[PDB]
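Dumped run-v2.csv below, it's CSV, C-alpha atoms:
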```csv
chain,number,residue,atom,x,y,z
A,168,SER,CA,14.9,0.7,111.2
A,169,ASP,CA,13.0,-1.9,113.2
A,170,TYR,CA,16.4,-3.6,113.9
A,171,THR,CA,17.5,-0.5,115.8
A,172,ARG,CA,14.1,-0.2,117.6
A,173,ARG,CA,14.2,-3.9,118.8
A,174,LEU,CA,17.8,-3.5,120.0
A,175,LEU,CA,16.6,-0.3,121.7
A,176,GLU,CA,14.0,-2.4,123.5
A,177,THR,CA,16.8,-4.8,124.4
A,178,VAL,CA,19.0,-2.1,125.8
A,179,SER,CA,16.0,-0.6,127.6
A,180,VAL,CA,15.7,-4.0,129.3
A,181,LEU,CA,19.4,-3.7,130.0
A,182,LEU,CA,18.7,-0.3,131.6
A,183,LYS,CA,16.1,-2.1,133.8
A,184,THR,CA,18.9,-4.5,134.7
A,185,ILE,CA,21.2,-1.6,135.6
A,186,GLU,CA,18.4,-0.1,137.7
A,187,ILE,CA,17.7,-3.3,139.7
A,188,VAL,CA,21.4,-4.1,140.3
A,189,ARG,CA,21.8,-0.5,141.4
A,190,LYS,CA,18.9,-0.5,143.8
A,191,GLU,CA,19.0,-3.8,145.6
A,192,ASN,CA,22.7,-4.6,145.0
A,193,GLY,CA,22.1,-7.1,142.2
A,194,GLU,CA,24.6,-9.6,140.9
A,195,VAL,CA,27.2,-8.3,138.4
A,196,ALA,CA,26.8,-11.5,136.4
A,197,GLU,CA,23.2,-10.5,135.8
A,198,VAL,CA,24.6,-7.4,134.1
A,199,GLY,CA,27.0,-9.6,132.2
A,200,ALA,CA,24.1,-11.8,131.0
A,201,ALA,CA,22.2,-8.6,130.0
A,202,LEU,CA,25.2,-7.3,127.9
A,203,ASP,CA,25.7,-10.8,126.4
A,204,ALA,CA,22.0,-10.9,125.5
A,205,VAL,CA,22.4,-7.5,123.7
A,206,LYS,CA,25.5,-8.9,122.1
A,207,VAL,CA,23.9,-12.1,120.8
A,208,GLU,CA,20.8,-10.3,119.7
A,209,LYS,CA,22.9,-7.8,117.8
A,210,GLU,CA,24.9,-10.7,116.3
A,211,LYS,CA,21.8,-12.6,115.1
A,212,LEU,CA,20.2,-9.5,113.8
A,213,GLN,CA,23.3,-8.6,111.9
A,214,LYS,CA,23.2,-12.2,110.6
A,215,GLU,CA,19.7,-11.5,109.4
A,216,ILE,CA,20.9,-8.3,107.8
A,217,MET,CA,23.6,-10.1,105.9
A,218,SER,CA,21.1,-12.9,105.0
A,219,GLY,CA,18.8,-10.4,103.4
A,220,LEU,CA,21.7,-8.6,101.8
A,221,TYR,CA,23.1,-11.8,100.3
A,222,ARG,CA,19.6,-12.9,99.2
A,223,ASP,CA,19.0,-9.8,97.2
A,224,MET,CA,22.5,-9.5,95.8
A,225,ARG,CA,22.3,-13.2,94.8
A,226,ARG,CA,19.0,-12.3,93.1
A,227,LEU,CA,20.3,-9.2,91.3
A,228,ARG,CA,23.6,-10.8,90.4
A,229,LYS,CA,21.6,-13.8,89.0
A,230,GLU,CA,19.6,-11.3,86.9
A,231,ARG,CA,22.8,-9.6,85.8
A,232,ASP,CA,24.2,-13.0,84.9
A,233,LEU,CA,21.1,-13.9,83.0
A,234,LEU,CA,21.2,-10.6,81.1
A,235,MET,CA,24.9,-10.8,80.2
A,236,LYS,CA,24.3,-14.4,79.1
A,237,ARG,CA,21.4,-13.1,76.9
A,238,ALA,CA,23.8,-10.4,75.6
A,239,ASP,CA,26.2,-13.2,74.7
A,240,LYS,CA,23.3,-14.9,72.9
A,241,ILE,CA,22.4,-11.8,71.0
A,242,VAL,CA,26.0,-11.1,69.9
A,243,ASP,CA,26.2,-14.8,68.9
A,244,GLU,CA,23.1,-14.1,66.8
A,245,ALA,CA,24.8,-11.0,65.4
A,246,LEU,CA,27.9,-13.0,64.4
A,247,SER,CA,25.8,-15.8,62.9
A,248,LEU,CA,23.8,-13.3,60.8
A,249,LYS,CA,27.0,-11.5,59.8
A,250,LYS,CA,28.5,-14.8,58.5
A,251,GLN,CA,25.2,-15.5,56.6
A,252,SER,CA,25.5,-12.0,55.1
A,253,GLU,CA,29.1,-12.7,54.1
A,254,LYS,CA,28.3,-16.0,52.5
A,255,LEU,CA,25.2,-14.5,50.8
A,256,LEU,CA,27.3,-11.6,49.3
A,257,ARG,CA,29.0,-14.3,47.2
A,258,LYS,CA,25.7,-15.4,45.8
A,259,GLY,CA,23.8,-12.2,44.9
A,260,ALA,CA,20.5,-12.2,46.8
A,261,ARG,CA,20.0,-8.5,47.5
A,262,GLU,CA,16.4,-9.0,48.6
A,263,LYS,CA,17.5,-10.9,51.8
A,264,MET,CA,20.5,-8.6,52.6
A,265,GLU,CA,18.1,-5.8,53.6
A,266,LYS,CA,16.2,-8.1,55.9
A,267,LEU,CA,19.5,-9.3,57.5
A,268,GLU,CA,20.8,-5.8,58.0
A,269,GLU,CA,17.5,-4.8,59.6
A,270,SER,CA,17.9,-7.9,61.8
A,271,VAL,CA,21.4,-6.6,62.8
A,272,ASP,CA,19.9,-3.1,63.5
A,273,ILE,CA,17.2,-4.4,65.8
A,274,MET,CA,19.6,-6.6,67.8
A,275,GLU,CA,22.0,-3.7,68.2
A,276,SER,CA,19.1,-1.6,69.5
A,277,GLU,CA,18.2,-4.4,71.9
A,278,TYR,CA,21.9,-4.7,73.0
A,279,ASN,CA,22.0,-1.0,73.8
A,280,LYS,CA,19.0,-1.4,76.2
A,281,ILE,CA,20.7,-4.5,77.6
A,282,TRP,CA,23.7,-2.4,78.6
A,283,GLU,CA,21.3,0.2,80.0
A,284,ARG,CA,19.7,-2.4,82.3
A,285,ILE,CA,23.3,-3.6,83.2
A,286,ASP,CA,24.1,0.0,84.3
A,287,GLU,CA,20.8,0.2,86.2
A,288,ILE,CA,21.6,-3.1,88.1
A,289,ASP,CA,25.2,-2.0,89.0
A,290,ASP,CA,24.3,1.3,90.6
A,291,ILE,CA,21.4,-0.4,92.5
A,292,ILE,CA,23.6,-3.0,94.0
A,293,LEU,CA,26.1,-0.3,94.9
A,294,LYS,CA,23.4,1.7,96.6
A,295,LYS,CA,22.2,-1.4,98.4
A,296,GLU,CA,25.8,-1.9,99.7
A,297,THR,CA,26.1,1.8,100.8
A,298,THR,CA,22.8,2.5,102.6
A,299,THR,CA,22.4,-0.7,104.6
A,300,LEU,CA,26.0,-0.7,105.8
A,301,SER,CA,26.0,3.0,106.5
A,302,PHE,CA,22.9,2.9,108.7
A,303,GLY,CA,22.0,-0.5,110.1
A,304,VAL,CA,25.2,-2.3,111.2
A,305,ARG,CA,26.7,1.1,112.1
A,306,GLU,CA,23.8,1.9,114.4
A,307,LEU,CA,23.9,-1.5,116.0
A,308,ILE,CA,27.7,-1.2,116.6
A,309,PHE,CA,27.2,2.3,118.1
A,310,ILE,CA,24.5,1.1,120.5
A,311,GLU,CA,26.6,-1.9,121.4
A,312,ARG,CA,29.5,0.3,122.3
A,313,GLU,CA,27.2,2.6,124.3
A,314,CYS,CA,25.8,-0.3,126.2
A,315,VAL,CA,29.2,-1.8,127.0
A,316,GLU,CA,30.5,1.6,128.1
A,317,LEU,CA,27.5,2.0,130.4
A,318,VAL,CA,28.0,-1.5,131.8
A,319,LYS,CA,31.7,-0.8,132.3
A,320,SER,CA,30.9,2.5,134.0
A,321,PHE,CA,28.4,0.9,136.4
A,322,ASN,CA,30.8,-2.0,137.1
A,323,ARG,CA,33.6,0.4,138.0
A,324,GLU,CA,31.1,2.3,140.2
A,325,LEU,CA,30.3,-1.0,142.0
A,326,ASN,CA,34.1,-1.5,142.2
A,327,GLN,CA,34.4,1.8,144.0
A,328,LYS,CA,31.4,0.9,146.2
A,329,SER,CA,32.9,-2.5,147.3
A,330,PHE,CA,36.3,-0.9,148.0
A,331,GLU,CA,34.9,1.5,150.5
B,588,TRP,CA,37.5,1.5,102.3
B,589,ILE,CA,40.2,4.0,103.6
B,590,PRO,CA,43.0,1.6,102.4
B,591,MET,CA,45.5,-0.1,104.7
B,592,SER,CA,48.5,2.2,103.9
B,593,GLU,CA,47.1,5.1,105.9
B,594,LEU,CA,46.8,3.7,109.5
B,595,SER,CA,49.2,3.8,112.4
B,596,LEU,CA,50.9,1.2,114.6
B,597,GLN,CA,48.0,0.9,117.1
B,598,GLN,CA,45.5,0.9,114.2
B,599,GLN,CA,47.4,-1.8,112.4
B,600,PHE,CA,47.4,-3.6,115.8
B,601,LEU,CA,43.6,-3.3,115.9
B,602,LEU,CA,43.3,-4.6,112.3
B,603,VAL,CA,45.5,-7.6,112.9
B,604,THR,CA,43.9,-8.4,116.3
B,605,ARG,CA,40.4,-8.2,114.7
B,606,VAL,CA,41.6,-10.7,112.0
B,607,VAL,CA,43.0,-13.1,114.6
B,608,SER,CA,39.9,-12.6,116.8
B,609,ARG,CA,37.7,-13.6,113.9
B,610,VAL,CA,39.9,-16.6,113.4
B,611,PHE,CA,39.6,-17.3,117.1
B,612,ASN,CA,35.8,-17.0,117.2
B,613,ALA,CA,35.6,-19.3,114.1
B,614,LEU,CA,37.9,-21.9,115.8
B,615,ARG,CA,36.3,-21.9,119.3
B,616,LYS,CA,33.1,-23.6,118.2
B,617,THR,CA,35.0,-26.9,117.5
C,1310,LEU,CA,34.8,-11.7,102.2
C,1311,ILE,CA,31.6,-12.4,104.2
C,1312,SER,CA,32.7,-10.7,107.4
C,1313,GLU,CA,35.3,-8.4,105.8
C,1314,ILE,CA,32.7,-5.6,105.3
C,1315,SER,CA,31.5,-6.1,108.9
C,1316,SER,CA,35.2,-5.7,110.0
C,1317,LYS,CA,35.3,-2.5,107.9
C,1318,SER,CA,32.2,-1.1,109.6
C,1319,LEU,CA,33.3,-2.3,113.1
C,1320,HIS,CA,36.7,-0.5,113.4
C,1321,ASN,CA,36.7,2.6,115.6
C,1322,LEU,CA,38.7,5.4,113.9
C,1323,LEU,CA,36.1,8.2,114.4
C,1324,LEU,CA,38.3,10.1,116.9
C,1325,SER,CA,41.7,10.9,115.4
C,1326,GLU,CA,43.5,12.7,118.3
C,1327,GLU,CA,46.9,12.3,116.7
C,1328,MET,CA,47.7,15.9,115.4
C,1343,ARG,CA,53.7,14.5,108.7
C,1344,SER,CA,54.7,12.8,105.4
C,1345,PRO,CA,54.9,9.2,103.9
C,1346,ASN,CA,58.7,9.3,103.5
C,1347,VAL,CA,58.8,9.8,107.3
C,1348,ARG,CA,56.8,6.6,107.6
C,1349,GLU,CA,59.4,4.9,105.3
C,1350,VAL,CA,62.3,5.9,107.6
C,1351,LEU,CA,60.3,4.9,110.7
C,1352,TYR,CA,59.6,1.5,109.2
C,1353,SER,CA,63.3,1.1,108.3
C,1354,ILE,CA,64.4,2.3,111.8
C,1355,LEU,CA,62.0,-0.3,113.3
C,1356,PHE,CA,63.5,-2.9,111.1
```
Output the file's structure as structure tokens, nothing else.
Amino acid sequence: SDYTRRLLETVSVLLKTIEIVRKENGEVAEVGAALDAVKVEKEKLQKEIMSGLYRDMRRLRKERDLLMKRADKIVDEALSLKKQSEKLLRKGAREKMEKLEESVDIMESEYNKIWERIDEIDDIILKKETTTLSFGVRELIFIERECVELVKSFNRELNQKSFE
Amino acid sequence: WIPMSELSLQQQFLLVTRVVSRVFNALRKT
Amino acid sequence: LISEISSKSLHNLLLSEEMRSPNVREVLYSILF
């Protein structure tokens, strides 16, 4: 939101440039410098936007990576305990089989909540993609096109002025 | 997205010229 | 794919102002060929 406000301040300075080059016949390269300043500030702010976006998707993808790695660890534990149960069934220790199947039940319950957090991460990164791209960069592109169309209109106006 | 198989000749021109303009802007800092 | 989404958000298609069918596009592409 403040990105749009600061670019609005920049294009208000650009309106001041338009005013001064309209009043005392200012240089058109001053308007060019103003539009290029709006251009480079929009560019660096969009770089800041992708920097923050890449920072938090790196954070959340690293958390998702940690959690699927932990899910791999838990299913590895499940496989290990299943092999222990299979080898123990050939011996006859029923008192430990109950503990082992309880250990399988608890890891399955944990794995379910692991998948829940996976699903929570995925929709959150999707929303982070949607909202920021739908508002910030779009508004900056819109105000860039408005400022360049205003500059083009004034430059063609001065073209008419100089040809008369 | 609105995939690539829905645009027109001038819209495909704007797509390809945006691609080559990104390549240009990447190459003009050398 | 760093600037591909920026290219997606950049492109100005908001005004259509065209006013057919995909097989028509097929024969147009073949005719252009």
### Message
Report, in Å to a single decimal, how far apart CA of residue 233 in chain A and CA of residue 266 in chain A are.
### Response
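These atoms are spaced 28.1 Å apart.
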### 8 Å contact set for range 1314-1345 of chain C, only C-alpha atoms, chain neighbours under 2 positions out, as a list in words
residues 300, 304, 305 and 308 of chain A; 588, 601, 602 and 605 of chain B; 1310, 1311, 1312, 1347, 1348 and 1349 of chain C
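For the pair CA of residue 297 in chain A and CA of residue 170 in chain A, the interatomic distance is 17.2 Å.
The two atoms in question, CA of residue 599 in chain B and CA of residue 221 in chain A, are spaced 28.9 Å apart.
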### Query
Looking at B:611, B:600, B:616, B:606, which one is nearest to chain C, with distances taken over all atoms listed in the file?
B:606
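Within 9 Å of the point (12.6, -10.7, 114.0) in file coordinates, and counting all atoms listed in the file, lie the residues residues 169, 170, 173, 212 and 215 of chain A.
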How would range 314-328 of chain A read, as a PDB file, in the frame of the given file, once N, CA and C atoms are built in?
```
ATOM      1  N   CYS A 314      26.211   0.574 125.135  1.00  0.00           N
ATOM      2  CA  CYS A 314      25.800  -0.300 126.200  1.00  0.00           C
ATOM      3  C   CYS A 314      26.951  -0.886 126.973  1.00  0.00           C
ATOM      4  N   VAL A 315      28.028  -1.256 126.269  1.00  0.00           N
ATOM      5  CA  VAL A 315      29.200  -1.800 127.000  1.00  0.00           C
ATOM      6  C   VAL A 315      29.889  -0.703 127.782  1.00  0.00           C
ATOM      7  N   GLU A 316      29.891   0.549 127.301  1.00  0.00           N
ATOM      8  CA  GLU A 316      30.500   1.600 128.100  1.00  0.00           C
ATOM      9  C   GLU A 316      29.643   1.931 129.329  1.00  0.00           C
ATOM     10  N   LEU A 317      28.312   1.853 129.211  1.00  0.00           N
ATOM     11  CA  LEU A 317      27.500   2.000 130.400  1.00  0.00           C
ATOM     12  C   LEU A 317      27.661   0.913 131.397  1.00  0.00           C
ATOM     13  N   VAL A 318      27.776  -0.330 130.919  1.00  0.00           N
ATOM     14  CA  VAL A 318      28.000  -1.500 131.800  1.00  0.00           C
ATOM     15  C   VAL A 318      29.359  -1.351 132.495  1.00  0.00           C
ATOM     16  N   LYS A 319      30.389  -0.951 131.743  1.00  0.00           N
ATOM     17  CA  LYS A 319      31.700  -0.800 132.300  1.00  0.00           C
ATOM     18  C   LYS A 319      31.699   0.356 133.370  1.00  0.00           C
ATOM     19  N   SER A 320      30.981   1.447 133.089  1.00  0.00           N
ATOM     20  CA  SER A 320      30.900   2.500 134.000  1.00  0.00           C
ATOM     21  C   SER A 320      30.199   2.087 135.333  1.00  0.00           C
ATOM     22  N   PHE A 321      29.101   1.331 135.214  1.00  0.00           N
ATOM     23  CA  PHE A 321      28.400   0.900 136.400  1.00  0.00           C
ATOM     24  C   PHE A 321      29.272  -0.172 137.171  1.00  0.00           C
ATOM     25  N   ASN A 322      29.993  -1.034 136.453  1.00  0.00           N
ATOM     26  CA  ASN A 322      30.800  -2.000 137.100  1.00  0.00           C
ATOM     27  C   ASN A 322      31.992  -1.363 137.855  1.00  0.00           C
ATOM     28  N   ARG A 323      32.575  -0.308 137.284  1.00  0.00           N
ATOM     29  CA  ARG A 323      33.600   0.400 138.000  1.00  0.00           C
ATOM     30  C   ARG A 323      32.991   1.213 139.180  1.00  0.00           C
ATOM     31  N   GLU A 324      31.745   1.679 139.046  1.00  0.00           N
ATOM     32  CA  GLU A 324      31.100   2.300 140.200  1.00  0.00           C
ATOM     33  C   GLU A 324      30.875   1.299 141.320  1.00  0.00           C
ATOM     34  N   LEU A 325      30.461   0.071 140.997  1.00  0.00           N
ATOM     35  CA  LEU A 325      30.300  -1.000 142.000  1.00  0.00           C
ATOM     36  C   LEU A 325      31.670  -1.383 142.574  1.00  0.00           C
ATOM     37  N   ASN A 326      32.721  -1.301 141.755  1.00  0.00           N
ATOM     38  CA  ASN A 326      34.100  -1.500 142.200  1.00  0.00           C
ATOM     39  C   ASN A 326      34.470  -0.498 143.281  1.00  0.00           C
ATOM     40  N   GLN A 327      34.123   0.769 143.035  1.00  0.00           N
ATOM     41  CA  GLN A 327      34.400   1.800 144.000  1.00  0.00           C
ATOM     42  C   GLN A 327      33.510   1.573 145.284  1.00  0.00           C
ATOM     43  N   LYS A 328      32.263   1.127 145.104  1.00  0.00           N
ATOM     44  CA  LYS A 328      31.400   0.900 146.200  1.00  0.00           C
ATOM     45  C   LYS A 328      31.915  -0.248 147.124  1.00  0.00           C
TER      46      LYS A 328
END
```
